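Chemist: Pasting a structure below so you can have a look.
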Amino acid sequence: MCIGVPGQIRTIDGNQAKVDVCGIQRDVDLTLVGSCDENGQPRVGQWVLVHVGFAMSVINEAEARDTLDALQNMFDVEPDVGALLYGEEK
């Protein structure tokens with residue numbers, strides 16, 4: 001149900017987008033950031049903090065990567081990371 005993880009805006013459909021949360025795409029509402037950049041460029045390839053099904057903040061690749069490295073640290077230390085990643089518990 002809940003979510004609070006970085007991902008890449010890997011595809012866009014309208015106000016909704018299909019953010020790859022580093023393993024599978026989730027439908028995410030972009031109202032808080034807009035589906036396009038200020039210059040009208042579609043946000044495809046940009047990164048975003050997904051929280052409760054909304055774009056909490058749009059972020060750069062480096063910010064997402066740093067956040068993911070911190071976030072995974074609690075469980076990447078064990079093979080449980082693989083059981084999660086290749087499982088259906090998410």
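The authors' numbering applies: residue 1 is where the sequence shown begins, and numbers increase by one.
From the three backbone atoms N, C-alpha and C, an ideal C-beta is built for every residue, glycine too.
(1) Buried or exposed for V48, going by 16 or more other Cβ atoms inside 10 Å?
(2) Consult DSSP for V44 and reduce its assignment to one of helix, strand or coil.
(3) Hey, could you find the ends of the alpha helix (DSSP H) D76 is sitting in?
(4) Using C-beta distances below 7 Å, list every residue in its chain close to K18, excluding the 5 sequence neighbours before and after it, in chain order.
(5) Would you kindly work out how many angstroms separate the C-alpha atoms of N73 and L32, rounded to a whole number?
Modeler: A quick look at the data gives this:
(1) Position 48 of the sequence shown, counted from the start, is the residue given in the question as residue 48. Flag for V48 reads buried.
(2) Along the sequence shown, read from residue 1 onward, the residue named residue 44 stands at position 44. Reduced to three states, the DSSP call for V44 is coil.
(3) Working through the sequence shown from its first residue, we reach residue 76 at position 76. Looking at the DSSP string, the run of the alpha helix (DSSP H) that includes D76 is 61–76.
(4) Counting from one through the sequence shown, the residue named residue 18 turns up at place 18. Excluding positions up to five away in sequence, the list reads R10, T11, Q25, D27.
(5) In the sequence shown, residue 73 corresponds to position 73, counting from 1. In the sequence shown, residue 32 corresponds to position 32, counting from 1. So the two alpha carbons sit approximately 28 Å from each other.
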